[PDB]
Structure formats: C-alpha cells, structure tokens
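Residue numbers (full-length UniProt numbering), protein chains in the order written: chain D, 2 to 84; chain H, 2 to 92; chain U, 10 to 107; chain R, 2 to 130; chain W, 2 to 150.
Report on one structure; see the data block that follows.
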Amino acid sequence: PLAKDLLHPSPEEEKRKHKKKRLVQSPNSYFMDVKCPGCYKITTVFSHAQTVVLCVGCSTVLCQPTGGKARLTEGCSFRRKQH
Amino acid sequence: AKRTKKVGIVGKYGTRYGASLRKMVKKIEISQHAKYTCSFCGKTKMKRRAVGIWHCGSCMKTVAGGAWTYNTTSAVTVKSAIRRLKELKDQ
Amino acid sequence: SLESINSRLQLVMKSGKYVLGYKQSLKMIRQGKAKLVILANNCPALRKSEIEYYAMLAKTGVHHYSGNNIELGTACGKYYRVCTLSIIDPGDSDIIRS
Amino acid sequence: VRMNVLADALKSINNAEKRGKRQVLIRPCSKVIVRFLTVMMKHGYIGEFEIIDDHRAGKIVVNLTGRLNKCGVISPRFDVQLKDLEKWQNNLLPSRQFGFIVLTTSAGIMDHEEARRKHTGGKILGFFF
Amino acid sequence: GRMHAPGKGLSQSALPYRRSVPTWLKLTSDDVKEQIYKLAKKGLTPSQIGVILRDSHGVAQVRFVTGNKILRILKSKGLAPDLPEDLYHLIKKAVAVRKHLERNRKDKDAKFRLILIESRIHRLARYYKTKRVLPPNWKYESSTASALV
RNA sequence: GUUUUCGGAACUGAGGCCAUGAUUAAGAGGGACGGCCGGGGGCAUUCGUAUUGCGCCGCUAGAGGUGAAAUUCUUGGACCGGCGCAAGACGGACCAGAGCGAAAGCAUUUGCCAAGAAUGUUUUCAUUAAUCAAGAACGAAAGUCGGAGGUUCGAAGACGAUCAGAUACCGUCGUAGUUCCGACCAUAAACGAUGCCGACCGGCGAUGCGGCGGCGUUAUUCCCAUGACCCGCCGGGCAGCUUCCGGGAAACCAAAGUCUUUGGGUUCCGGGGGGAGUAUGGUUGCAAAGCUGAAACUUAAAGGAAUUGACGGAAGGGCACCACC
RNA sequence: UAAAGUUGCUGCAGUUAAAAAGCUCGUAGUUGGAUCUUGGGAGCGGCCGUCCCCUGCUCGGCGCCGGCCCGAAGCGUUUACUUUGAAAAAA
Numbered sequence: 002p003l004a005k006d007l008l009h010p011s012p013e014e015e016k017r018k019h020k021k022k023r024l025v026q027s028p029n030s031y032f033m034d035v036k037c038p039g040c041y042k043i044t045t046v047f048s049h050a051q052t053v054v055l056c057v058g059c060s061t062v063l064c065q066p067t068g069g070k071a072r073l074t075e076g077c078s079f080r081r082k083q084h
Numbered sequence: 002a003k004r005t006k007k008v009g010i011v012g013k014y015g016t017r018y019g020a021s022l023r024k025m026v027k028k029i030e031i032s033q034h035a036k037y038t039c040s041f042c043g044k045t046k047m048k049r050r051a052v053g054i055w056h057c058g059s060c061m062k063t064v065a066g067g068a069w070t071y072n073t074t075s076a077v078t079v080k081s082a083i084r085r086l087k088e089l090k091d092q
Numbered sequence: 010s011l012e013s014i015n016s017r018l019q020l021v022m023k024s025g026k027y028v029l030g031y032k033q034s035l036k037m038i039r040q041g042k043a044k045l046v047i048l049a050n051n052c053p054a055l056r057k058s059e060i061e062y063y064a065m066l067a068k069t070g071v072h073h074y075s076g077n078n079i080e081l082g083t084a085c086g087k088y089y090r091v092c093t094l095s096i097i098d099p100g101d102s103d104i105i106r107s
Numbered sequence: 002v003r004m005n006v007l008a009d010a011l012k013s014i015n016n017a018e019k020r021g022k023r024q025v026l027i028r029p030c031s032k033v034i035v036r037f038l039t040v041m042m043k044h045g046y047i048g049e050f051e052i053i054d055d056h057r058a059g060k061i062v063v064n065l066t067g068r069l070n071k072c073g074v075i076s077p078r079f080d081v082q083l084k085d086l087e088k089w090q091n092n093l094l095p096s097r098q099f100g101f102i103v104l105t106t107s108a109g110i111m112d113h114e115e116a117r118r119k120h121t122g123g124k125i126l127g128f129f130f
Numbered sequence: 002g003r004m005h006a007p008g009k010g011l012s013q014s015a016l017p018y019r020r021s022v023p024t025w026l027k028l029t030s031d032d033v034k035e036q037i038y039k040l041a042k043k044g045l046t047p048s049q050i051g052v053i054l055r056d057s058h059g060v061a062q063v064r065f066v067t068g069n070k071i072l073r074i075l076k077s078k079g080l081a082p083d084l085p086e087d088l089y090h091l092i093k094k095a096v097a098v099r100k101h102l103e104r105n106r107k108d109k110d111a112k113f114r115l116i117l118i119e120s121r122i123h124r125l126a127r128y129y130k131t132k133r134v135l136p137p138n139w140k141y142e143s144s145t146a147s148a149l150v
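Here you go:
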C-alpha cells in the first residue's frame, strides 16, 4: 500500500521482522530463571546459552548448546525475566 | 651480492656439458650437498658420506637412504605399504 | 586432547614454575619438586627409561608428548629444542588435573 | 560502502515520490540531512517529519506531499563564490522562478537566494524542485 | 559484504535500547570485576569471559553494569596479553595452515587461503602500529611465528 | 663589602582540588564461540560392472562393418555360450534449470588432515574499511621437459570405400597424446559476450542452507526432546513466472531501472572499416609462443536490432495425369 | 576553431554495433558512517522582525579614598573554505 503508517506499525508486523530491520532494533533473546528438582537455587540462564551450564554441588547439567536456543535437560522448568 | 642470475652451484662447470644437462644436474647437486634435520636428535646435521649413506654430525648415527636425497619417494610409500599390510594381514 | 596440552603449556610457561632440559629436570625429581615430566617422542630410549624409573620412585606423573624436541620447543614458546621438561608449580594451569 | 549519506537519503525519497508513496523511512540520520529537510520543508516541498532516536544513527520518517519533482545531491562538494553561484543555477535549475540550490556556509545551510542576501557563498550540498 | 569472501550475511548482534541494568541482577562493580579477574587468570580471552558471564551469571553487558569494557578492565590491572587476541587468532590459523602445506605440497586451495589469512594479519598489524599497541619494531615472520602462537 | 628586601630564570617535597578525565556500539568490518551443512581442497583406502588380452571347455560356418561394400579375423576353430585370470582407464542410471568453490572446476565406500560460507548471539576490538598502477598466488584443453604406465579412444601415417577427382566426410588398423609423479607454458565463445562495494524501487509460487513458531500424521514405545511429512515467518543463495515501475536502437532487462529532472565511491577500457595484434624495439619461455605494440598506404561504408518478400538438399498441413503410381 | 555530447570537468560509451583484465590478493593513488551550544530570554520595529551573551590578567577617567570598573595595546588548537581590504605596468 501507499499510506502504510511506518511510525506506528502494527504489533503483528514488528514481531514478523528481522531484529535489525525493525523501527528500533531489539534482541529476540531473553534471560530465564531455570529450576531443576536436583538443585535448589534457580539460576539466570541465557536463551541462546552457547555452552553447558552447571549447578552448585553437581546436582545436574542445566542446558546444552544448539544452532539456536539452548535445550534444557528432561524436567528442567524455566520462567522468563519480565523487566 | 647476486653473483649468478639463473645458474646456481652448476656455475662450477662453466660453459661445459650443455645447457639442459647443466639445468638437470643443478636439481640433484643442491639436494646431495644439502644438510637435513636428523629425525633422531632434531639437529640439522645429516650429511651424505657415500652413495645412499647418511651421517649425523652430532648423533653419530648412520642411515641407509636414497643416492642423492635422504628419503626416496619409493621408500616412503613402501614403509606406508608394509605398515598397512602388517595391520591388514595379522589383523 | 593434543590441541589442549599446547594451551596448558602456554598457561604454565606464563604463570608457572618449572625447569627445561634433562639434568636440571632430574635434579628437581630428587628434590621432590617436579609434579609432571613431559618427554619428546624422539627422546633417547635410555633417557626415557631413566626418567620413567626416577618418576615411579618419586611417585610423579610422566606425559609422553605427541611431538619431537623441536615441537616441544615451539610448544613452550622457545626458539631451541626441548627434549625433557618438568613442572614444579602448575601456576594457574589445569595440566596436572588431566 | 556508504560514503555519501545525503545521496542515499535524497534518492531514497526521490524513488518513493515517483512510486507515489505518502511517507518514507531513511535509515542513517545526520545533522546535514535534518538541516537539508528543514530547508526543503520551509519552501513547502515536504510536510513535517519525525526522528526515531535509537542509540545509533537514528532513522527519519518524512511525510511526503506530491509537490517535489526531484531533489538531487552534488558530490563532491564544489566550493563556490557568489560569481560561481550564478552559473551553478543555469545548469541545475529548470527556471529563474522555482527550485533552489542548498549550499553549506559559515552562516548555516540555506538556499542560493539567502546566501545572496547574506553575501556569503561556500560549498554546494544539492538542489531540489 | 565480507573482506576475503563473496558472502554478504547480515548476522551480527542487536543490542537493546534500555542501557540501564535490569532489576533481577543484584551484582555490583566490585562483584563482577573480581569474577572477570578469576576467569582472566584461567587464560580466557575477553570474548570467552563475555560469553561465560551472560551464560551462567546473567550479565547482559559488562560495559552497562560497570563503568568500562572487559579488555580495558584487564589492561587497568596488568592482566591483558601483549598483542591483541584478534591478531593472536590469525597468527594461530596461519601457523596451522602453513603446517598443513609443509606436510601436503599439492593443496593449492590451502595455499590460496594462507595468502588471504597472512594478508589479513598484515592489515591488522598495520592498523595496530598506527594506534601504538604493537611497537614499530613488530612485524609478522612466517618462520618465527609458532613460538608466539 | 654582606643576610638584604625582593624582580626574573630553572630545579624540588607534600596534600587538597574538578561531577577528576576513555561518546556510541553502524541492516560497516575483523575476531571469538554454537549446532549445522556442501560432487569445496589434499592424502590414503575401498568398490563396481564394462572394454581389451590370455589360458581351458562347448558347438560350429562364417563373423565384422556399411547407405551398399571392401580392407581385416576364421576349419590352424573366428563370432557366440560358460568358468576363471591379468592389467589399465572410467565413476552409469540416482543426477535436478540442485550443492559447493575466487575462477579454472568438482560425483564409488571408509578414515585422516587443514579450510570456508550462511545462520544464531543482550560475546569481543572500535573505523581497523571500499576500489585498486607496480607486484604476487591459482588458471580447462592442447602443447614442452625427466621418470613410471599403456586398455579404450586416437592428431600424423597406411590401406579400403565414395568421387569428375577426395592427400576429407564413411570404414579397418594405428604413433605421439589420452593415465600417474615432478617441473613448464598462461591462453579459450576462460560467456551471463554483462567490473566490484553500497542505497532505494511491484507481486506470485517454488527451491537450497540455518534459525523461529504452530493443528495433526509417522518411527524410536516407554513419553519428551529429536528424525521423516504438513502450514507460515526471518536471513543469506542458484533461479523461475509475472506485470504500462522505468529504461532501451530494438531484441529484451526487477536490472541492462532510479539519466538533458544528467554528480554515491572507485579500477580497467572503446573512438568509421581495413593495413593489424602486422613490422620494429624491449621483456618472459627449453621450445611452441605470451605481454607491451605502430606507421606508410587503402576505403564510403563495414556493422547492430527489427520488418516484408524470396529462397532452402528445413519442419507441419493440403493439392495437380501441363506431376507420379 | 565552432558544428564535435565524434575526447565528455559540465557531458559520451563498454549484453548483441568498437569495448569489462581468466580469476582473486595487494602497495602507492583516489574515497571513506553517525556523533560535541541547541532552544529560550532580553529592551526598542510593526502576534511576529533585527542588535548583544553564557570568555581573561602594559596604558586613560565620570573616580572614590593594601583598592570598587570601563576606554587604547603583547596575547589565546592548526589548515582548507568563503567575505572584504591591501598590492597589482601601460596597451
């Protein structure tokens, strides 16, 4: 269209764009507070974590790196940091 | 300085023996006098004593090698053949 | 684990205490100071068999390095040939743990 | 790579107007881009525009009217006297009536008439009509 | 696009607009700096620390929490290595490729790569001498490089 | 006459003092790290039938090759059928308007070696970049040099056909070459006859690689994460179709566009057709030849794209006893 | 010499008419992102339009009694750019 308002885009458009090609660039990543029943301290882990992440006192290995977002070991719960 | 343009060690033969034999013989006359790194001690001291005999100036170690070069291509390949055959026969 | 021991050496050359060479290393075995003795693969068979016997006496570890005295030299960041090397303080390297 | 920011900015709004768009984004902002557009705006060639200050080179959304035929940069920036200024507007402007040559000078960035009334030439940026 | 490739990939990072420290990280300047000094004595590059901190500890940026950047923090306490780590890595690669060539003579792709790698070392060494990091004495020799890997 | 006082010149010891000093983190670039991916490169290994050659067994009159023959092999057993054995090339179908690589180019299995793009990233340095005379690396095929190898094919050569002649096309033999190793040479219609980096400007359905999200089907059954499908999204890539975007001499081109409304940065390079990539100098190579390279003289056109007609030992559809059957 | 936009800085061409090096690296050469006092006031022109500012410590007065400041001069990141003046034989 001709009269596409570029200043106030729809929120169904800014989600549907590359992280650099928005109006203001934003990361598609987040920090997430991860629990596992072996451990007790919930730890601030990155989404695209890129390396194997460990507890205190060898409870288990939390996450594992892949091509994109990290994969969490079977039964490790996470909640996204909202600030 | 740069004493000769293209003739190297073969300048000692002067205007004798034909261009193409003197071009040919420079390739052998470099390597037969070259000092090689001794495999045993590491020192760059292996020298040709006689035909296919090689002596370390430091290690006091004699190796039977190629006539001009320390390792012949035909003797590298055969040691890789005898190793592989020893592996893939005795299993 | 060939790639990693060249990085552990880099970390003990910078921060650690040690002695290169043969006679200097054999002194530090008898002093009880040497934790680990690293040998080049082209080390004379009797010098390898003497180091090993001094090490099983002193109750220390022997690493058989995957490279000759020249490669051990360039591994230690030096411009000469190292056949025998013995670490006293690992410094801040995980070389004695592996 | 990007070695002239006016060039890209002016030819990014030029294509957008030929295409018949009502507003246009132009990615790298400058002092001189905003001081060029303000000169374009006060002669009634574009509407008002907004700056998107992210913490880099911010973006600019210009609200285009269909009045501007062509804005064009002159690269490199030829330093012009007042006597050189006359011949520069015989080969860049289509009339002695409408269209301006934006030129930077010690007073500020302005059209060829305001440079004539302030007796101070400088370097040419571009033109527009 | 790339310097020594026809690739034109648009894959870098995209930092947020909010430069403030979030209200979940309770760490302060004297906490994470000490932690950086623990990871730097372990023989890590500023990159390796910068990853480890955002992985296990949730440090979004070390520059945004503390005053200054990571290599600056190491240089401010006499922990920074001598020649820059982006120059150390290219020397390390040129050493690895030149070692591949002396064992395998006919590899003419590997030879072409060694020309591009060593050309990129010369461009970085040329830059760093103008900013006065390396001495003007400094120069890359392909014979003497395995020592200063 | 002197400490002067104190005007100027340098040296030396402290604590306070400023809001005490380092812009940002580019839809620039380099570097790290993550899981991937690919006929990308090198070394080694491994396999497959086929072709030719040999030995043995079978039964036998021709077999081969052509438009038709002939040269040639054969009752001394040829061709064909069956068991083997040997050596050297090659990598079928799968194989695609698919992939990778700077280009030349690259395809049997497994292993080893070093590399690279894209992707993802709230990692790192902070302008380190773009294009580049001189200079350097790689550069199909043919060809040159030294060593090993040679079965297929096959310049030169020999003969048989054809023919008005046929030192050609067709056929039977064949030497260098074709294969491997180590040096050489440096050109191709080396093509997309289209410089590179960057910006903007219509759709549509696919495709490859990475990431993301979502009904369900399917295997691992013992459910999740994953493998194979399904529906979209984002990025980079080989391409399609489609538009009065716009351009172009047109053919055509989402670039060959944004151009008399002429300016983003930059390298090479053309100036009517010949003589001519010739002569002569210089340089490179063992050679063959490469790179740089004129002039005298000659000439009114040579040429690009499209139109109509004629023409064809061009195709499709008809027709005529001034054509045939 | 113009016409020659058939030598092009203004101002040409390089898919097929003449033309992009076979490919990439690379030194001079050329070219290089954004970023740093902006608004608002203040008197007088007629809601708006000019002047002046976010600078300092040898020498005269409208002077008061070791001094309360304005008048002339030695001074204050460098260059390109523009503006004016000097100086520039006539013909």
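From the three backbone atoms N, C-alpha and C, an ideal C-beta is built for every residue, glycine too.
Can you pull the DSSP bridge partners for residue i?
i: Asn64/R; result: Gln24/R
i: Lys87/H; result: Answer is none; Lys87/H lacks a bridge partner.
i: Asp98/U; result: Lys26/U
i: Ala51/H; result: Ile54/H
i: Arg81/D; result: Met33/D
i: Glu51/R; result: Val62/R
i: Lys124/R; result: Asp80/R, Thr105/R
i: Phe129/R; result: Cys72/R, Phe101/R
i: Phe37/R; result: Paired residues: none, contrary to the question.
i: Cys64/D; result: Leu73/D
Would you tell me roughly how many angstroms separate the C-alpha atoms of residue i and residue j, rounded to the nearest one?
i: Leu83/R; j: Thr121/R; result: 7 Å
i: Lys22/D; j: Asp83/W; result: 39 Å
i: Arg121/W; j: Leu91/W; result: 8 Å
i: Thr45/D; j: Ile37/W; result: 18 Å
i: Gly10/W; j: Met4/W; result: 12 Å
i: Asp6/D; j: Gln24/R; result: 8 Å
i: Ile14/R; j: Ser27/D; result: 26 Å
i: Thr39/R; j: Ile75/R; result: 18 Å
i: residue 99/D; j: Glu14/D; result: Past the edges of chain D, shown from 2 to 84, lies residue 99/D, and the structure says nothing about it.
i: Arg114/W; j: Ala81/W; result: 30 Å
i: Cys85/U; j: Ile97/U; result: 15 Å
i: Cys60/H; j: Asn50/U; result: 16 Å
i: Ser102/U; j: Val71/U; result: 17 Å
i: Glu75/D; j: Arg81/D; result: 18 Å
i: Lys26/U; j: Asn15/U; result: 17 Å
If distances are taken between C-alpha atoms only, which option among the options comes closest to residue i?
i: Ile102/R; options: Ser96/R, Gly123/R, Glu114/R, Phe128/R; result: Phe128/R
i: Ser30/D; options: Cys77/D, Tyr41/D, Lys70/D; result: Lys70/D
i: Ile38/U; options: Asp103/U, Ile104/U, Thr93/U; result: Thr93/U
i: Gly68/W; options: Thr29/W, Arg114/W, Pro7/W, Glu103/W; result: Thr29/W
i: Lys100/W; options: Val150/W, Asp31/W, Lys34/W, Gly8/W; result: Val150/W
i: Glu80/U; options: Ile47/U, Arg56/U, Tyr63/U; result: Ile47/U
i: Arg90/U; options: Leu18/U, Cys52/U, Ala64/U; result: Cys52/U
i: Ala64/U; options: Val28/U, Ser10/U, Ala43/U; result: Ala43/U
i: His9/D; options: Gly21/R, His44/R, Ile53/R, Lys43/R; result: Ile53/R
Spell out a yes or no on whether the segment 50-63 of chain R and the segment 103-111 of chain R are touching, meaning 3 or more CB-CB pairs, one atom from each, closer than 8 Å. no
Any residues in the segment 44-66 of chain W with a beta carbon nearer than 8 Å to a beta carbon of chain D? Which ones, in chain order? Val52, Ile53, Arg55, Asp56, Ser57, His58, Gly59, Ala61
Could you please tell me which residues of the segment 36-64 of chain H, in chain order, have their CB closer than 8 Å to any CB of chain U? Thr38, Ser40, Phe41, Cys42, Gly43, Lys44
For the segment 36-52 of chain U, list every residue whose C-beta sits within 7 Å of some C-beta in chain H, in sequence order. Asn51
Within 9 Å of chain H by C-beta, residues of the segment 83-105 of chain U in sequence order: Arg90, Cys92
Residues in the segment 11-39 of chain D having any Cβ partner in chain W nearer than 7 Å: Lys20, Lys21, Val25, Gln26, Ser27, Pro28, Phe32
The segment 32-50 of chain W in contact with the segment 67-79 of chain W per 3-pair CB rule at 8 Å: yes
Give me the subset of the segment 62-81 of chain U whose CB atoms are less than 7 Å from a CB atom of chain H, sorted by chain position. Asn77, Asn78, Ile79
Determine contact between the segment 32-44 of chain H and the segment 65-72 of chain H, defined as no fewer than three beta-carbon pairs at a distance below 8 Å. yes
Output, in sequence order along the chain, the residues in the segment 12-27 of chain W whose CB is closer than 8 Å to any CB in chain D. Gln13, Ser14, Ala15, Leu16, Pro17, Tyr18, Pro23, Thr24, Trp25, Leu26
Give, in chain order, every residue of the segment 25-45 of chain R whose Cβ lies closer than 9 Å to some Cβ of chain D. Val25, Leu26
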